[PDB]
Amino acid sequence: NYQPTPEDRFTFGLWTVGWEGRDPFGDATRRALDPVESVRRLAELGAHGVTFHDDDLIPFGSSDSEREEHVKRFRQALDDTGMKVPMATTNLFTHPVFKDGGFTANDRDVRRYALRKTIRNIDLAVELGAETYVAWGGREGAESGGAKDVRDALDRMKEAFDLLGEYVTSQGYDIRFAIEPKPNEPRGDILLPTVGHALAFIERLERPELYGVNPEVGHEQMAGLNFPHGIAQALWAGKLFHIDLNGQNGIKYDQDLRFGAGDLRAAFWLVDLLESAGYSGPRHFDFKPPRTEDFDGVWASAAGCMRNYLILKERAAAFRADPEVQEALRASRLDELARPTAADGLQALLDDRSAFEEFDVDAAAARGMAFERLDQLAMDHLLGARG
């Protein structure tokens, strides 16, 4: 079964199911979708809401009159279907003015325009009920070493995020920001390329509590990193404000496959961690239905995102509730991992002969970890051989 409903909090970008299929080497294979169509179709499939870039909802350069009608129609569709808009973002990467960045463009006039375009869309985002405002600095970075002084560009990035935090708190809005890391593409190398670099950058903003991360499965996998481990560090920091779900087959161009495709075992341990941690934000998909597909295949792929989340939710829950797994976690000492190392304190540790002078290093080294039996019980659960 695995039938989604709005309570599962699945959301999708308008640009996701609306991707026309223009790639590096090829023209569009589908016509543009009206956002009304996307909202209604996604609600029929069991989604909870949608998200948008400014330019997905209001064509760039629209008159105020055109802007009003575009927003009216979108809000009309949301109201007719019950869909929500939990997150919004700004396109600071499609227009050629952003070819060397928005907030870190070397041209100061471009950096000022990037912030004005962002602030205008924050007002709309709050009007539509969004709780999170994402920034993906896809054009911040370089192809060559002389072109961007990174410490200057970090100073300009912090300037822009601190001005946006001044604007949201000056207006009394509750919305918070989430930076979405990516390590490369479309620039040779992008600034804040991973969850760890964005977590560290936030600690240098004037009010760090206003900013978190929106990690994307494929973008951490573009650097060969373990996405569940990155999401564990973002949870430990208290900064998982939103998350973007898709698939990726290793280290290559950003594929944005539907969720569950790409690294299926990493998607299992991701859903295991989100549900064990009680993550209560949107389960947001940032995926591209491949350009081989027509519109029926667009909707099939969006459906598959949700389906695979629900299947993996079932299996991770069954693994953690299985008493033989809980016995194997004890044999692997996962319960000792969760106990403090030295709640007795420093002096007690220094005085504890069991910790050094009388520690039998050979007996401790002979103890197996029993990790392989634990992981085969995990595999059995993912494949439904256990329940």
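Residue positions are given as counts along the sequence shown, with the first one as 1.
Per the PDB record, of the two stretches 276-284 and 156-164, 276-284 carries the greater mean B-factor over its C-alpha atoms.
Stretches 68-76 and 261-269 differ in mean C-alpha B factor, with the higher average recorded for 68-76. For the set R41, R333, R31, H53, the PDB entry puts the maximum C-alpha B factor at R31.
In this PDB entry, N106 carries a Cα temperature factor that places it within the middle third of its chain's modelled residues. Among the modelled residues of its chain, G21 has a C-alpha B-factor that falls in the highest third, as given in the PDB entry. Residue-level temperature factors show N184 in the lowest third of its chain, judged at the C-alpha atom. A364: CA B factor in the highest third of modelled residues in this chain (values from the PDB entry). Among the modelled residues of its chain, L329 has a C-alpha B-factor that falls in the lowest third according to the deposited record.
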